[PDB]
Amino acid sequence: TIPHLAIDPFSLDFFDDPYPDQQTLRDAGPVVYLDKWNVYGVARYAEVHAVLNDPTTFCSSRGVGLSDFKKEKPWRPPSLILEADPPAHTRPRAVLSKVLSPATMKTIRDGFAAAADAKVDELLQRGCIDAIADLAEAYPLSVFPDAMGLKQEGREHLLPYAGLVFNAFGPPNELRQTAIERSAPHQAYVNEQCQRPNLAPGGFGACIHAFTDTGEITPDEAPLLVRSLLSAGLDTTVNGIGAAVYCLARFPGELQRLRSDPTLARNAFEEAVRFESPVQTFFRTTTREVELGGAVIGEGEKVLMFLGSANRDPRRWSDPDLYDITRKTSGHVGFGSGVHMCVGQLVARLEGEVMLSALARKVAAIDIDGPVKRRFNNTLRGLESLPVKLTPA
Ligand code: HEM
Ligand SMILES: O=C(O)c1ccc(OC(F)(F)F)cc1
Ligand SMILES: [Cl-]
């Protein structure tokens, strides 16, 4: 009843061009079995959305990577939010929601926008730049560590640590094994920065620790919640902004529409998140036997959700393979859906908006002018290098 496929969604060939295999996964059936890793897969929008929105049946506390925490030791102590189910999930989630709230966004928006404008002005002086290292990486590095309250020393550990976290959700392939082999110095740095004395006043980290007297979290929960922001808060935005710039570079007609109305910046970023889906995949684990799209899945089974495939499913989207900055993007699953839906989405959207606004106002053309190099990661989709020429407006 359930089709069995040999596709390895964590192979370099798949990462290099996932779209044919993602159509094969969608068209084989609503539920497939991936023989390579002994997991179920759902690649259509309908089933991905259904799984995300039944956290009781499709839980997160047994891990959202391939590894089942009931069978293996987690590579690091479980996240108190990402790798927790209700009710344990609920109060840590509420704390992060209030730490990354609209009021916080109002306090940081002016500085984030000034840094975006400054970066684009700087890049225009150089003309030919690498849109990854010099923009998608450089801009988040210029605002987010400071917004966390991190000291300057050791920030070079942040992107390596994030690459490790996202590789570690994958199966035990070479990408994951190599990441873990090199992890010790990055874990040491990150864990140390999570302690209250090491987080500067008024930043996200200090605000988490300040919430430890309301009865929502205790002081011993705050370091791991800081760890969540140091795991998820930087490399995601790097690949979100990189996706948006890559989209504008490939689709000059959409850059031209964005220039003509810079208030489309926020939706142009949201559409880039749908179109590229920088966070490609997450797993759930079934807590009971369950019927999903005509399939009977037993208890204790891993289910792989293809978020990027769901965001390209023609059953849900018109012209899914087109980048359209005025698309009605509401409902895409690039930030997830339901109780775990990205708690940092207001930070991600703020960064993406102000960067695309700066480009819209200052840049007339974005032309790829060198070899494009892809970066391979078990969970993240994005580029290693994107050489572009920026023409000033
Ligand atoms: C374009 C940028 C981003 C994308 C595409 C993205 C994607 C996602 C997705 C798909 C989830 C759902 C995980 C699941 O269902 O298991 C999630 C959750 C989460 N994200 Fe984001 N994220 C981004 C930026 C950020 C930022 C900037 C932060 C923090 C500053 C952040 C922190 C988190 C946390 C802590 C969770 C776990 C929430 C929970 O389990 O309740 N993310 N993200
Ligand atoms: O809590 C954490 O450590 C954590 C780590 C990664 C993560 O990934 C993404 F969902 F994509 F943002 C979310 C949360
Ligand atoms: Cl760690």
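Residue indices run from 1 on each chain, following the sequence as it is written; they may not match the entry's numbering, and residues absent from the coordinates are omitted. The lettering of chains begins at A and the numbering of ligands begins at 1, in the order of writing. Side-chain metrics in this entry use all non-hydrogen atoms of the structure; hydrogen atoms and water are not considered.

Per the deposited record, determination of this structure is attributed to X-ray crystallography, with the resolution reported as 1.544 Å.

As a further point, take the sheet that holds strand 4 (residues 58-59). Any two strands between which DSSP finds at least two bridges are classified as paired. Going along the chain from the N terminus, every DSSP run of H or I of four or more residues is numbered as a helix, and every run of E of two or more is numbered as a strand. Taken in spatial order, the six strands line up as 1-2-3-9-6-4 in an open sheet, and their pairing is mixed. Each edge of the open sheet is held by one strand with a lone partner, namely strand 1 (4-5) and strand 4. In this sheet, strand 3 (residues 39-42) lies alongside strand 2 (residues 32-34) in antiparallel orientation, the contact comprising three bridges. Bridging from a neighbouring strand, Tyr33 pairs with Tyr40 of strand 3. Whether two residues are in contact is decided by their heavy atoms: any pair within 4.5 Å suffices. The axes are straight lines fitted to the C-alpha atoms, using for helices just the contacting stretch, and the angles between their N-to-C directions are given from 0 to 180°. The sheet strands contacting helix 3 (residues 45-52) are strand 3, strand 4, strand 6 (281-286) and strand 9 (302-306), and the helix crosses strand 9 at an angle near 125 degrees.

Another aspect to go through is unusual backbone geometry. That bond from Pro86 to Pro87 is cis: its omega, 5 degrees, falls within 30 degrees of zero. In this fold, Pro87 is placed in the loop between strand 4 and helix 4 (90-99). In this model, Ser277 sits at a positive phi of 50 degrees, which is unusual for a non-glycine residue. With respect to the secondary-structure elements, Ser277 resides in the loop between helix 14 (265-276) and strand 6. For the exposure calls, accessible area comes from a 1.4 Å probe over protein chains only, and a residue counts as buried if that area is under 20% of its type's maximum, exposed if over 50%, partly exposed in between. Exposure remark for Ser277: the relative accessible area of 1% places this residue in the buried category. The residue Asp319 is not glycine, and still its phi comes out positive at about 50 degrees. Given a relative accessible area of 52%, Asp319 falls into the exposed group.

Time to look at the pairing of strand 3. The alternating pattern of strand 3 places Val39 and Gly41 on one face and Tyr40 and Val42 on the opposite face, and all of these are buried. Hairpin remark: strand 2 followed by strand 3, antiparallel, with four residues in the connecting loop; positive phi at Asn38, about 55 degrees.

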